[PDB]
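Working through the structure, step by step
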Amino acid sequence: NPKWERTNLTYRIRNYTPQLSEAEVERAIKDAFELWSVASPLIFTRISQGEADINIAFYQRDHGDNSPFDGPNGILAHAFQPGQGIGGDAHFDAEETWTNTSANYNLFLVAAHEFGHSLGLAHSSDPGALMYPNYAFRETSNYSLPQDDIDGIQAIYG
Ligand SMILES: CC(C)C[C@H](C(=O)NO)C(=O)N[C@@H](CC(N)=O)C(=O)NCc1cccc(N)c1
Ligand SMILES: [Ca+2]
Ligand SMILES: [Ca+2]
Ligand SMILES: [Zn+2]
Ligand SMILES: [Zn+2]
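Residues numbered from 1 in each chain as written, not as in the entry; some residues may be left out. Chains lettered and ligands numbered in written order. Heavy atoms only, no water. Residues with missing side-chain atoms left out of burial classes, pairs and counts.

By the method listed in its record, X-ray crystallography, this PDB entry was determined to a resolution of 2.0 Å.

Here's what the structure looks like:
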């Protein structure tokens, strides 16, 4: 069970997707972290430059870590479990159409899903869970964490 042994974690958005404004990309990311924050003792702080615990980046195909993206659709992103260096970092497929809407692919929902991995959760077999393996759009305004995921972070931290 890899877990962060620190509660206030920093993050850094190294690059952006042209698809959305910078504000929208940052709001997506911010709200995705809040989701996990309200069900745990974790506190997230954004840094504009520097070494952050969780780096966030939009990459294309081969991007230096031995797990290349695959073009439109398919693999949308991946994250590494808690740890130093690459640990907890999250990568998003730059070749996807990233949206703020119901249209594939909603950046807030994918980000929320990746941050679960970054915090130490694995995929869930519960189809109503965020950590379920396949993407599904769900209303995002006033979105809250499904109960299975709450059970998930709570079991790791408090
Ligand atoms: C190596 C890939 C096969 C797995 C990868 C994964 O689950 N990363 O977290 C992934 O991108 N899975 C896709 C599977 C798919 N295209 O349906 C995905 O949508 N993952 C993210 C996801 C899943 C569930 C909910 C939400 N919001 C997002
Ligand atoms: Ca892809
Ligand atoms: Ca890291
Ligand atoms: Zn990667
Ligand atoms: Zn996943």
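**Details of the overall build of the protein**
Check the secondary structure of the protein and you find three helices and five strands. Along the protein, helices (α) and strands (β) appear in the sequence β-α-β-β-β-β-α-α when read from the amino end. Taking 2.2 N^0.38 as the reference for a compact globule, 158 residues should give roughly 15 Å; the C-alpha atoms of the protein span a radius of gyration of 14 Å, in line with that estimate. In terms of overall dimensions, the protein has C-alpha extents of about 35 × 35 × 30 Å along its principal axes. (Helix = DSSP H or I, 4+ residues; strand = E, 2+ residues; numbered from the N terminus. Rg over C-alpha atoms; globule rule 2.2 N^0.38 Å.)

**Regarding the nonpolar core**
Grouped together as the largest cluster of nonpolar side chains are 41 residues, with contacts concentrated most on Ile29, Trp36, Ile56, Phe92, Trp98 and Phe115. Counting only elements with at least two residues in this core, the list comes to β1 (8-13), α1 (22-37), β3 (54-59), β4 (77-79), β5 (90-93), α2 (107-118) and α3 (147-156). Not counting residues within four places of it along the chain, the set of residues in contact with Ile56 comprises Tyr11, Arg12, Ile13, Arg14, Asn15, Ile29, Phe33, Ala90, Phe92 and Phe115. (Core = buried A, V, L, I, M, F, W, Y, C linked by side-chain atoms within 4.5 Å. Buried < 20%, exposed > 50% of the residue type's maximum accessible area, 1.4 Å probe, protein only. Contact = heavy atoms within 4.5 Å.)

**A look at the coordination of the zinc ion (ligand 5)**
Listed as protein donors to the zinc ion (ligand 5) are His113 (NE2), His117 (NE2) and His123 (NE2); their distances from the metal cover 2.0 to 2.2 Å. Each donor residue of the zinc ion (ligand 5) lies on the same chain, and together they follow the pattern H-x3-H-x5-H. What makes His123 partly exposed here is its relative accessible area of 44%. (Donors = N, O, S within 2.8 Å, 3.2 Å for Na, K, Ca; no water.)

**Looking at the site of ligand 1**
Residues in close proximity to ligand 1 total 15 residues, the closest being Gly74, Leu76, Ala77, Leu109 and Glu114. Within the backbone of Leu109, an N or O atom sits 2.9 Å from a nitrogen atom of ligand 1. Between ligand 1 and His117 there is a distance of 3.1 Å, counted from an oxygen atom to a side-chain nitrogen or oxygen. Contact with the protein chains removes 78% of the 620 Å² of surface that ligand 1 exposes when unbound. (Near = heavy atom within 4 Å. Polar contact = N/O pair within 3.5 Å; in protein donor to acceptor, adjacent residues only side chain to side chain. Areas by Shrake-Rupley, 256 points an atom, 1.4 Å probe, with all protein chains shown as cover.)

**Details of the UniProt feature "active site" in the protein**
As annotated by UniProt and renumbered to match this structure, "active site" occupies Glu114. Residue position: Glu114 is located in helix α2. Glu114 sits in the buried class, given a relative accessible area of 4%. For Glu114, the residues in contact, after removing those within four places along its chain, are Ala77, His78, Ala79, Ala90 and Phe92. (UniProt positions renumbered as here; feature names shortened; annotations may be inferred.)

**Some words on the coordination of the zinc ion (ligand 4)**
Distances from the zinc ion (ligand 4) to its protein donors, namely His63 (NE2), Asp65 (OD), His78 (NE2) and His91 (ND1), fall within the range 1.9 to 2.1 Å. Note that the zinc ion (ligand 4) binds four donor atoms; their angles at the metal cover 96 to 117°, and the shape is tetrahedral. If you list the donors of the zinc ion (ligand 4) from N- to C-terminus, the spacing comes out as H-x1-D-x12-H-x12-H. Taken together, the positions of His63 in the loop between β3 and β4 and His78 in strand β4 put the pair 15 residues apart, joining distant regions of the chain. Taken individually, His63 and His78 each receive the classification buried, so the pair is uniform in this respect. (Tetrahedral: all angles 85-135°; square planar, octahedral: opposite > 155°, others 65-115°.)

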